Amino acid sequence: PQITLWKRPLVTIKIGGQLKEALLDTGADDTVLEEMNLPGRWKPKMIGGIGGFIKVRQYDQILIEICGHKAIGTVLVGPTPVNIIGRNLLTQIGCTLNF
């Protein structure tokens, strides 16, 4: 679809069998989701933005469906204020910025 930017570009995603709302974020290298207990091994990671760094759990080869488009990649889990879909997954659904 086409998503305008008058409001936060929030969409429904499916991950680990759950539905969630997430921000499509071209300014994020990586995908970061609110605390959830996902099965599997994980690696510790630090990610930063405005204001500093937070500690997260890195899960690899996680499937996520974003408005019916499927993507598979690394998903980070930690105390973020909002679920963020980053470029590592946006590229897989064919997402572009246009103006």
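Heads up: residue numbers just count along the shown sequence, starting at 1.
**Student:** Using only C-alpha atoms and the B-factors in the entry, which stretch averages higher, 37-45 or 23-31?
**Tutor:** Looking at the record's C-alpha B-factors, the answer is 37-45.
**Student:** Looking at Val82, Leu89, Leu76, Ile13, which has the highest Cα B-factor in the entry?
**Tutor:** When the deposited C-alpha B-factors of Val82, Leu89, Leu76, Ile13 are compared, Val82 is largest.
**Student:** Determine, from the deposited record, the chain-internal third of the Cα B-factor for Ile62: lowest, middle or highest.
**Tutor:** Middle third - that is where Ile62 ends up once the chain's C-alpha B-factors are sorted.
**Student:** Lowest, middle or highest third: which one holds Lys55 when the chain's residues are ordered by CA B-factor from the entry?
**Tutor:** As the PDB entry reports it, the C-alpha B-factor of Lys55 lands in the lowest third of its chain.
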